Amino acid sequence: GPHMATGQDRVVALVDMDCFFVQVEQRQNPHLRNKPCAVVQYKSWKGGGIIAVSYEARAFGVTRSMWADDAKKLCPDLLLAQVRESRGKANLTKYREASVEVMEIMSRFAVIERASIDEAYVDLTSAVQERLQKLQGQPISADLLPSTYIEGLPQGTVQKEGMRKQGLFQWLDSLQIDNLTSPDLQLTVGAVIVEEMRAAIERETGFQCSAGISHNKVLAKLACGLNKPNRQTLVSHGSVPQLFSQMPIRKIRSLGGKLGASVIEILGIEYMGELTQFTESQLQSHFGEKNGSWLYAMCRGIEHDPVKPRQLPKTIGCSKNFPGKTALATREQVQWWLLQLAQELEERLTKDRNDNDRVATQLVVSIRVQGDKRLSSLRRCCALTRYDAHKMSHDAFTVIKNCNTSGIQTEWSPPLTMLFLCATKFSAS
DNA sequence: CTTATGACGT
DNA sequence: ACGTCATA
Ligand SMILES: Nc1nc2c(ncn2[C@H]2C[C@H](O)[C@@H](COP(=O)(O)NP(=O)(O)OP(=O)(O)O)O2)c(=O)[nH]1
Ligand SMILES: [Mg+2]
Ligand SMILES: [Mg+2]
Ligand code: NA
């Protein structure tokens, strides 16, 4: 009805880099450019574990979580770059730094929420209103949207760019005619700005990215993945019913795990759109008040989670798995690795303080023990009063030492399969 | 045979 | 404070 909210109050973008770590490595080594390429961690065991894959390499079926030795079977010519290894562990510093390059460019256009090392949300609502005033009812040319897809169009040509343009033309013709709503116009100007943002990013870093533009974070994120790489996608409120009608529930953010599986199992459905049939109370009874409320609105393309003004990460941490045989079975060994972890952390904390005028005040220590399915066996915290690796490693050991079942002080049992140090609770410096 | 992040429940 | 989930 007239009083019914449609969740069209905001313009939100999600900008996500294509094959991020690969591009960073490609920029540094031109030999890797425009080639089937992947980035791995370590190399001894099975060639190393792949965590990023160029789109050339993806065409051969290489994916994330694949051992490099196995990827080579699919793609014999696969080029590999290795994550920096420091103090016996993976060091992601280059990418965190590359991340900052991108975040800083994005932050010139609008307030951003860093969502991961390679992506951020953008609230473009104010920016759109400002650009709209500047444009005096002056129509929007397709030249202003050279990489934009309008999801759901065309409707009513053989090549992809041909279909992109026709859908875009159909969309633009419906704004200029007055067939579309003002939210639609707002989304379009938002997409214009994102084109500019993405141009600035590539010019100034050499990195390409994709983007989604919509009315909320979830639709923005979903939209971004629709036309990767090097393209942006506008998902309108109107496109939602068709989009969601065959959209598997697991594809929506936060529903890719257990909750999503329970939604599918309990309700006996498969697609996001099928959720509209249930009342809010019904959804609440099965999945709780909060989730139920979120699911009722989300299946209608409505989501209110704000873009938090947070450009920097809330936490600074590092970890290392010691699986199977490599599990840490002595006290001396556990302490040595706590020191390696603490040294990297201290290095990152020190730079963080100089860069961002803040200090962590709490240190979180997490371990995993052999034979435990759970990712984390035990979590403990202590005060973080000094940026000193020796103290931090020593304190971390103090808070976890009790775990040691072994009767001998010299040996550690059950052996440790993971160590994790996280600096948290920042305050102004 | 990974290394991170953020959010939420109790 | 601690554990769990979700992301990738
Ligand atoms: N250490 C570690 N780094 C990872 C892992 N998974 C991903 N990364 C790193 C490597 C990734 O480059 C980066 C960004 O994550 P995505 O955006 O999910 N993948 P990409 O940007 O590669 O491709 P596209 O977005 O176009 O699909 O984070 C992991 O399990 N562990
Ligand atoms: Mg990416
Ligand atoms: Mg990403
Ligand atoms: Na090359």
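Lettering follows sequence order; numbering is per chain, from 1.
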**Student:** Can you sort out the partners of A:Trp337 under ring-ring contact (aromatic ring centres under 6.0 Å, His included), two or more places apart, ordered by chain and number?
**Tutor:** A:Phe322
**Student:** Give the rounded distance in Å between these two atoms: CD of A:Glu85 and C1' of B:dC1.
**Tutor:** 13 Å
**Student:** Distance check needed: B:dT2 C1' versus A:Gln41 CD, whole Å only.
**Tutor:** 5 Å
**Student:** Could you check whether A:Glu97 pairs with A:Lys351 (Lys NZ or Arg NE/NH1/NH2 to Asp/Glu carboxylate O, under 4.0 Å)?
**Tutor:** no
**Student:** Could you work out which one of C:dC5, B:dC1, B:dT3 sits closest to the side chain of A:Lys258?
**Tutor:** C:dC5
**Student:** I'd like to know if A:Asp372 and A:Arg368 make a salt bridge, using a cut-off of under 4.0 Å between side-chain N and carboxylate O.
**Tutor:** no
**Student:** Base, sugar-phosphate, or nothing: which does A:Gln362 touch, judged by heavy atoms less than 4.0 Å apart?
**Tutor:** sugar-phosphate
**Student:** Are there more than 12 heavy atoms of other residues, nucleotides or ligands under 6.0 Å from atom NZ of A:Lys160?
**Tutor:** yes
**Student:** What I want to find out is whether A:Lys72 reaches A:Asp69 closely enough, with some N-O distance under 4.0 Å, to be called a salt bridge.
**Tutor:** no
**Student:** What string of B, S and - do you get for nucleotides 4-10 of chain B 5' to 3' if you count protein non-hydrogen atoms under 4.0 Å?
**Tutor:** SBSSSS-
**Student:** Over all strands shown, is A:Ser116 touching base, sugar-phosphate only, or nothing at heavy-atom distances under 4.0 angstrom?
**Tutor:** nothing
**Student:** A:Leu419 CG to B:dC1 P: how many Å, rounded?
**Tutor:** 19 Å
**Student:** Atom CG of A:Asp118 to atom P of C:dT7: distance rounded to whole Å?
**Tutor:** 16 Å
**Student:** Round to the nearest Å and state the distance from A:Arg58 atom CZ to C:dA8 atom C1'.
**Tutor:** 11 Å
**Student:** Round to the nearest Å and state the distance from A:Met418 atom CE to C:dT4 atom P.
**Tutor:** 13 Å
**Student:** Does the sign of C1'-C2'-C3'-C4' make the B:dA4 sugar north or south?
**Tutor:** north
**Student:** Is it true that A:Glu344 and A:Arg87 have a side-chain N and a carboxylate O under 4.0 angstrom from each other?
**Tutor:** no
**Student:** When all nucleic acid strands are considered with a 4.0 Å heavy-atom cut-off, which category describes A:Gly324: base, sugar-phosphate, or nothing?
**Tutor:** nothing
**Student:** Would you indicate what A:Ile117 reaches in the nucleic acid, counting non-hydrogen atoms under 4.0 angstrom: base, sugar-phosphate, or nothing?
**Tutor:** nothing
**Student:** Between atom CG in A:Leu255 and atom P in C:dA6, what is the gap in whole Å?
**Tutor:** 9 Å
**Student:** Name all residues meeting the ring-ring contact (aromatic ring centres under 6.0 Å, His included) criterion together with A:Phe21; count only those two or more places apart in sequence or in a different chain, and write none if there are none.
**Tutor:** A:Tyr95
**Student:** OP1 or OP2 of C:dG3 less than 4.0 angstrom from a side-chain nitrogen or oxygen of A:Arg374, does that happen here?
**Tutor:** no
**Student:** Take atom CG of A:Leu259 and atom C1' of C:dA6, then tell me their distance rounded to the nearest Å.
**Tutor:** 10 Å
